[PDB]
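Remarks on the structure that follows.
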Amino acid sequence: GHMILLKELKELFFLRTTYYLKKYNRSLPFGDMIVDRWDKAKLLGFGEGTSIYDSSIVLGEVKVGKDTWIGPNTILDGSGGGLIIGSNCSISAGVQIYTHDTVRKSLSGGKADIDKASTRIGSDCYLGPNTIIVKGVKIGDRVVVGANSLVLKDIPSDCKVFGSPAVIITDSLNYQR
Amino acid sequence: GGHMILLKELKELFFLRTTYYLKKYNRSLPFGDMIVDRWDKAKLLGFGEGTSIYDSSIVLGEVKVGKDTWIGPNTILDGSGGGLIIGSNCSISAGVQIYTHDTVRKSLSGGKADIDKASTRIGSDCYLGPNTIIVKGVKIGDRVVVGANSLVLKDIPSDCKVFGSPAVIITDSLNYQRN
Amino acid sequence: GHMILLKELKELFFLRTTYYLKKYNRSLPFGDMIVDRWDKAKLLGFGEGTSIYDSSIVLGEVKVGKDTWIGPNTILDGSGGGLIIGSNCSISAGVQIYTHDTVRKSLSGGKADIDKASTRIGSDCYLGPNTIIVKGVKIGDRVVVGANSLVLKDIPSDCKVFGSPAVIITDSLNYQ
Ligand SMILES: CC(=O)SCCNC(=O)CCNC(=O)[C@H](O)C(C)(C)COP(=O)(O)OP(=O)(O)OC[C@H]1O[C@@H](n2cnc3c(N)ncnc32)[C@H](O)[C@@H]1OP(=O)(O)O
Ligand SMILES: CC(=O)SCCNC(=O)CCNC(=O)[C@H](O)C(C)(C)COP(=O)(O)OP(=O)(O)OC[C@H]1O[C@@H](n2cnc3c(N)ncnc32)[C@H](O)[C@@H]1OP(=O)(O)O
Ligand SMILES: CC(C)(COP(=O)(O)OP(=O)(O)OC[C@H]1O[C@@H](n2cnc3c(N)ncnc32)[C@H](O)[C@@H]1OP(=O)(O)O)[C@@H](O)C(=O)NCCC(=O)NCCS
Ligand SMILES: O=S(=O)(O)CCCN1CCN(CCO)CC1
């Protein structure tokens, strides 16, 4: 009964793995072998050519342009005034993008409100693995954010930043040629 | 035959649940989080009232959580090496990993050493920011702020703010508690 | 159909959680209570005793030795000329290991090619939570990489490193 369903789900896992290996030389989570990355993206209203893994969470008002790659284990949170992301962006695995915060709410024992502020990222941006972007941040166009960064403030166009907190290292012109 | 019919059925369920979650709760979740409810999972694991935990969270060994605590996606709660306690009104951000064991010696010795173990505790009224890592043996008090991207290697007293890898005390946390 | 399948998937979740809690003292994501970590590893061609969570992604050519533990929320990317990993390694939760990168492709508006370089990790290595290893890196044997690290350069055998970026701290002889 339930054990038949389990056994069938196990068979589907083995077969879908064999399929993903042969056709796309990859092995993916079960969820990612049911759900299609391009269809999910369409269904959420993102630009054509944009893709999003099953493992990604998308909250509230989020806009994404064309040909933007949204990686696995990502967070796109537009619950706090909307998140807007541009075209041709790389949103690496484990990148988290926020428009709200609950620090005061926790530290006050549940009394204080949630803090909220909108966030926007331009086009032709690269957000390295495990980048955290906090609420109220504006990122310009043609920006590189290195892996593991924590972005607490606006970044101008054509900049490379990294660190916790992220600081401006230099321009990103080299990556554009 | 049935393999592909089940796939179709799962695909149809996914489309219907996504469409549903988009209109009611204004969000799109992983397949797993559309079968498994965050509140029911918390209730089942014995957690306090109003506590919630995503399907993607891993809970190993002895783990207890108080009330009104938010356990985020892609989290690790590892009580396997002597018990993990987390208090009430806590924010456990996405990607936060909390441990009571590790395997460094096991690996480095070619599989011969034991797993090392130590219980871990977090108080009430704490905030652990995205991708915070808490290692075995840590005791965190009440009303602590741990900033994003931190690696906490030692006990943190109540009413403190820390961040960094490894985390250091930056100042007290009293200003965050106000009304 | 749809209501029903939903209802049965829920029932199965409750029943599997109950069984995992009693038998292995754990609660796991839905997908990790379908997929067995040792079977998935075997199917992927990994060595005997290796395990990998459902939540892991493996791209391209990836070779993994015996008795290597591959944790949840991991990325093993061998798409840019192969990733090789040795025996008895701990690949903690959140670790991402790459052989490709798309910085130029994004920053050029989709014009530039994907950059590629093979990556290698020896045996008896520990990679701490959320370690990021970039393309082209060679990690020796018996290396410790501390949590929250970004590995941008080679690491010799018997070394301990950590940081973003990762720097050498000392030898790893104490852990052996
Ligand atoms: C439950 C949920 O999901 S909530 C949503 C997810 N959370 C977020 O997006 C918020 C992420 N931010 C954090 O975790 C932050 O570390 C916080 C909010 C906990 C603390 O930040 P605050 O110190 O209040 O912010 P502020 O910008 O005022 O920073 C003050 C100083 O601390 C530094 N700083 C703050 N947090 C960090 C950090 N995590 N690592 C390093 N430095 C930090 C700032 O660079 C600044 O340095 P300065 O004194 O030289 O100016
Ligand atoms: C199978 C598995 O996945 S196991 C479960 C997950 N693993 C864990 O929870 C353990 C995570 N811990 C780590 O990654 C650690 O970096 C370790 C254990 C590999 C190395 O830690 P050790 O160096 O042995 O610990 P110790 O506390 O002695 O640290 C020595 C010094 O280096 C610093 N240090 C240690 N690890 C790090 C790190 N990852 N980043 C920065 N600094 C670090 C300490 O702050 C300390 O500095 P100090 O001399 O100024 O006080
Ligand atoms: C964006 C990125 C490529 C920048 O790296 P880079 O600057 O080209 O590499 P370099 O070593 O030449 O960078 C120069 C300096 O920045 C430092 N650095 C680079 N990226 C850093 C980061 N994310 N955090 C901290 N320091 C960083 C280097 O250590 C070096 O410091 P130095 O002046 O002391 O020598 C890199 O930060 C990154 O995110 N890499 C991850 C790529 C990946 O695997 N992506 C997933 C697949 S799409
Ligand atoms: O872009 S990915 O690296 O994820 C996949 C690599 C090649 N893919 C190109 C896009 N098609 C589908 C486009 O809709 C699948 C194959």
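Residues are named by chain letter and number: chains run A, B, ... in the order of the structure tokens, numbers start at 1 in each chain, and ligands are numbered from 1 in the order shown.
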
List every residue of chain A that has an atom at most 6 Å from any atom of chain B, giving for each one its closest atom pair and the distance in Å to one decimal, counting only C-alpha atoms, sorted by chain and then by ascending residue number, as a tab-separated table.
```
residue	atom	partner	partner_atom	distance
A:12	CA	B:3	CA	5.7
A:31	CA	B:31	CA	5.6
A:54	CA	B:30	CA	5.0
A:55	CA	B:30	CA	5.0
A:57	CA	B:29	CA	5.1
A:58	CA	B:28	CA	5.2
A:59	CA	B:27	CA	4.5
A:60	CA	B:26	CA	5.3
A:103	CA	B:127	CA	5.8
A:104	CA	B:176	CA	5.2
A:106	CA	B:125	CA	4.9
A:107	CA	B:177	CA	4.8
A:108	CA	B:177	CA	4.1
A:109	CA	B:125	CA	5.2
```

Based on the selection just made, write C-alpha atoms of those residues as a PDB file, in the first residue's frame.
```pdb
ATOM      1  CA  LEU A  12      11.471   6.112 -10.310  1.00  0.00           C
ATOM      2  CA  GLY A  31      12.882  16.940  -6.470  1.00  0.00           C
ATOM      3  CA  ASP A  54      13.558  22.832  -7.435  1.00  0.00           C
ATOM      4  CA  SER A  55      15.558  23.427  -4.201  1.00  0.00           C
ATOM      5  CA  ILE A  57      12.764  29.212  -2.414  1.00  0.00           C
ATOM      6  CA  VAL A  58      11.024  32.274  -3.921  1.00  0.00           C
ATOM      7  CA  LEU A  59       8.956  34.419  -1.511  1.00  0.00           C
ATOM      8  CA  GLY A  60       6.715  37.391  -2.301  1.00  0.00           C
ATOM      9  CA  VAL A 103      16.872  40.287  14.473  1.00  0.00           C
ATOM     10  CA  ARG A 104      14.881  42.753  16.606  1.00  0.00           C
ATOM     11  CA  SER A 106      13.967  37.582  18.097  1.00  0.00           C
ATOM     12  CA  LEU A 107      16.129  39.662  20.445  1.00  0.00           C
ATOM     13  CA  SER A 108      12.991  41.344  21.839  1.00  0.00           C
ATOM     14  CA  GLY A 109      11.305  38.014  22.622  1.00  0.00           C
TER      15      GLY A 109
END
```

Every residue of range 35-149 of chain B that DSSP places in helix (DSSP H, G or I), as JSON, numbers by chain: {"B": [35, 38, 39, 40, 41, 42, 43, 44, 45, 104, 105, 106, 107, 108]}

Keeping only C-alpha atoms, write the selected residues to a file as a PDB file, in the first residue's frame.
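To be explicit, this is the file written out as part.pdb:
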```
ATOM      1  CA  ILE B  35       4.193  17.729   0.596  1.00  0.00           C
ATOM      2  CA  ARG B  38       6.652  23.252   8.330  1.00  0.00           C
ATOM      3  CA  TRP B  39       4.283  23.431  11.339  1.00  0.00           C
ATOM      4  CA  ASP B  40       3.236  19.764  11.267  1.00  0.00           C
ATOM      5  CA  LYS B  41       6.861  18.658  10.999  1.00  0.00           C
ATOM      6  CA  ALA B  42       7.680  20.760  14.081  1.00  0.00           C
ATOM      7  CA  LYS B  43       4.692  19.392  15.976  1.00  0.00           C
ATOM      8  CA  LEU B  44       5.758  15.855  15.135  1.00  0.00           C
ATOM      9  CA  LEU B  45       9.362  16.327  16.258  1.00  0.00           C
ATOM     10  CA  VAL B 104      38.167  15.383  11.444  1.00  0.00           C
ATOM     11  CA  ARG B 105      40.321  12.781  13.201  1.00  0.00           C
ATOM     12  CA  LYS B 106      38.317   9.971  11.633  1.00  0.00           C
ATOM     13  CA  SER B 107      39.161  11.265   8.156  1.00  0.00           C
ATOM     14  CA  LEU B 108      42.719  12.382   8.780  1.00  0.00           C
TER      15      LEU B 108
END
```

DSSP on the backbone: which residues in range 29-146 of chain A end up as strand (DSSP E)? Give the answer as JSON, numbers by chain. {"A": [51, 52, 57, 58, 59, 60, 61, 62, 63, 64, 69, 70, 75, 76, 77, 78, 79, 80, 81, 82, 83, 84, 85, 90, 91, 96, 97, 100, 101, 115, 116, 119, 120, 121, 126, 127, 132, 133, 138, 139, 144, 145]}

Per-residue nearest contacts of chain C to ligand 3 (10 Å; only C-alpha atoms and all ligand atoms) as CSV:
```
residue,atom,partner,partner_atom_place_in_ligand_line,distance
C:75,CA,ligand 3,46 (C),9.4
C:77,CA,ligand 3,47 (C),8.4
C:96,CA,ligand 3,44 (O),7.8
C:97,CA,ligand 3,44 (O),7.1
C:98,CA,ligand 3,44 (O),5.1
C:99,CA,ligand 3,44 (O),7.2
C:100,CA,ligand 3,47 (C),5.7
C:101,CA,ligand 3,48 (S),4.0
C:102,CA,ligand 3,48 (S),4.7
C:103,CA,ligand 3,3 (C),6.5
C:104,CA,ligand 3,3 (C),9.2
C:105,CA,ligand 3,48 (S),9.5
C:106,CA,ligand 3,48 (S),9.6
C:114,CA,ligand 3,48 (S),8.5
C:115,CA,ligand 3,48 (S),9.1
C:116,CA,ligand 3,47 (C),9.8
C:132,CA,ligand 3,44 (O),7.1
C:133,CA,ligand 3,44 (O),6.7
C:134,CA,ligand 3,44 (O),4.4
C:135,CA,ligand 3,44 (O),6.3
C:136,CA,ligand 3,44 (O),9.9
C:149,CA,ligand 3,24 (N),9.2
C:150,CA,ligand 3,23 (N),7.0
C:151,CA,ligand 3,29 (O),8.8
C:152,CA,ligand 3,11 (O),6.3
C:153,CA,ligand 3,11 (O),8.1
C:163,CA,ligand 3,25 (C),8.5
C:164,CA,ligand 3,25 (C),4.9
C:165,CA,ligand 3,26 (N),4.9
C:166,CA,ligand 3,29 (O),7.8
C:167,CA,ligand 3,29 (O),9.0
```

Export of prior selection with N, CA, C and O atoms as a CSV table (one decimal), in the first residue's frame:
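In the end it all went to part07.csv:
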```
chain,number,residue,atom,x,y,z
C,75,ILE,N,27.8,20.3,-3.6
C,75,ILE,CA,27.9,20.4,-5.1
C,75,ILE,C,29.3,19.7,-5.4
C,75,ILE,O,30.3,20.2,-5.0
C,77,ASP,N,31.1,19.3,-8.7
C,77,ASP,CA,31.0,19.7,-10.1
C,77,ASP,C,32.3,19.2,-10.8
C,77,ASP,O,33.3,19.9,-10.8
C,96,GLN,N,30.9,23.0,-1.7
C,96,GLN,CA,30.7,23.1,-3.1
C,96,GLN,C,32.2,23.0,-3.7
C,96,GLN,O,33.0,23.7,-3.3
C,97,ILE,N,32.3,22.1,-4.7
C,97,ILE,CA,33.6,21.8,-5.4
C,97,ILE,C,33.4,21.9,-6.9
C,97,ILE,O,32.5,21.2,-7.5
C,98,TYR,N,34.2,22.8,-7.5
C,98,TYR,CA,33.9,23.2,-8.9
C,98,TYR,C,35.1,22.9,-9.8
C,98,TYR,O,36.2,22.9,-9.4
C,99,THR,N,34.7,22.7,-11.1
C,99,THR,CA,35.6,22.7,-12.2
C,99,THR,C,35.2,23.6,-13.3
C,99,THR,O,35.7,23.5,-14.4
C,100,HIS,N,34.3,24.5,-13.1
C,100,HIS,CA,33.9,25.5,-14.1
C,100,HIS,C,33.5,26.8,-13.4
C,100,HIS,O,33.3,26.8,-12.1
C,101,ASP,N,33.3,27.9,-14.1
C,101,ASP,CA,32.9,29.1,-13.6
C,101,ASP,C,32.3,30.0,-14.8
C,101,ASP,O,32.6,29.7,-15.9
C,102,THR,N,31.4,30.9,-14.5
C,102,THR,CA,30.6,31.6,-15.5
C,102,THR,C,30.8,33.1,-15.2
C,102,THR,O,29.9,33.9,-15.6
C,103,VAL,N,31.9,33.6,-14.6
C,103,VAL,CA,32.0,35.0,-14.3
C,103,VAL,C,32.0,35.8,-15.6
C,103,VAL,O,31.3,36.8,-15.7
C,104,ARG,N,32.9,35.4,-16.5
C,104,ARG,CA,33.0,36.2,-17.8
C,104,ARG,C,31.7,36.1,-18.6
C,104,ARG,O,31.2,37.1,-19.1
C,105,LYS,N,31.1,34.9,-18.6
C,105,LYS,CA,29.8,34.7,-19.3
C,105,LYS,C,28.7,35.7,-18.9
C,105,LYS,O,28.0,36.3,-19.7
C,106,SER,N,28.5,35.9,-17.6
C,106,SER,CA,27.5,36.9,-17.1
C,106,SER,C,28.0,38.3,-17.3
C,106,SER,O,27.2,39.1,-17.8
C,114,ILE,N,32.2,29.5,-21.0
C,114,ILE,CA,32.4,29.0,-19.7
C,114,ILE,C,33.8,28.6,-19.5
C,114,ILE,O,34.4,27.9,-20.3
C,115,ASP,N,34.4,29.1,-18.3
C,115,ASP,CA,35.8,28.8,-18.1
C,115,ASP,C,35.9,27.4,-17.3
C,115,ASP,O,35.0,27.1,-16.5
C,116,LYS,N,37.0,26.6,-17.6
C,116,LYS,CA,37.0,25.3,-17.1
C,116,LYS,C,38.4,24.9,-16.7
C,116,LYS,O,39.4,25.3,-17.2
C,132,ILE,N,34.2,26.2,0.0
C,132,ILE,CA,34.1,26.3,-1.4
C,132,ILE,C,35.4,26.0,-2.1
C,132,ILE,O,36.4,26.7,-1.8
C,133,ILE,N,35.5,25.1,-3.0
C,133,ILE,CA,36.8,24.7,-3.7
C,133,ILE,C,36.6,25.1,-5.2
C,133,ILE,O,35.6,24.6,-5.8
C,134,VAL,N,37.5,26.0,-5.7
C,134,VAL,CA,37.3,26.5,-7.1
C,134,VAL,C,38.0,25.6,-8.1
C,134,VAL,O,38.8,24.7,-7.8
C,135,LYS,N,37.7,25.9,-9.4
C,135,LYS,CA,38.3,25.1,-10.5
C,135,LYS,C,39.8,25.2,-10.5
C,135,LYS,O,40.4,26.2,-10.2
C,136,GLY,N,40.4,24.1,-10.8
C,136,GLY,CA,41.9,24.1,-11.1
C,136,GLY,C,42.7,23.7,-9.8
C,136,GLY,O,43.9,23.5,-9.9
C,149,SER,N,35.5,28.1,4.5
C,149,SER,CA,36.6,28.5,3.7
C,149,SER,C,36.3,28.6,2.2
C,149,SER,O,35.3,28.1,1.7
C,150,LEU,N,37.2,29.4,1.5
C,150,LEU,CA,37.2,29.5,0.1
C,150,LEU,C,38.6,29.1,-0.4
C,150,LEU,O,39.6,29.9,-0.2
C,151,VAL,N,38.7,28.0,-1.1
C,151,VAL,CA,40.0,27.5,-1.5
C,151,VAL,C,40.3,28.0,-2.9
C,151,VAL,O,39.7,27.5,-3.9
C,152,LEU,N,41.3,28.9,-3.1
C,152,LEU,CA,41.6,29.5,-4.4
C,152,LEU,C,42.9,29.0,-4.9
C,152,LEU,O,43.3,29.3,-6.0
C,153,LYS,N,43.6,28.2,-4.1
C,153,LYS,CA,44.9,27.7,-4.6
C,153,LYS,C,45.2,26.3,-4.0
C,153,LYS,O,44.5,25.9,-3.1
C,163,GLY,N,39.9,30.0,6.1
C,163,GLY,CA,39.7,31.4,5.8
C,163,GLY,C,39.0,31.6,4.4
C,163,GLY,O,39.1,30.7,3.5
C,164,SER,N,38.5,32.8,4.1
C,164,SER,CA,38.1,33.2,2.8
C,164,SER,C,39.0,34.4,2.4
C,164,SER,O,38.7,35.5,2.9
C,165,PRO,N,40.0,34.3,1.6
C,165,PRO,CA,40.5,33.0,1.0
C,165,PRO,C,41.3,32.1,2.0
C,165,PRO,O,41.7,32.6,3.0
C,166,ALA,N,41.4,30.8,1.7
C,166,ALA,CA,42.0,29.9,2.6
C,166,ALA,C,43.6,30.1,2.6
C,166,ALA,O,44.2,30.2,1.5
C,167,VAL,N,44.2,30.2,3.8
C,167,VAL,CA,45.6,30.2,3.9
C,167,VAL,C,46.1,29.0,4.7
C,167,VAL,O,45.4,28.4,5.5
```

Name the residues in contact with residue 157 in chain A at a cut-off of 8 Å, using only C-alpha atoms, excluding same-chain residues fewer than 6 positions from it; report them as a ChimeraX atom specification. /A:139-143
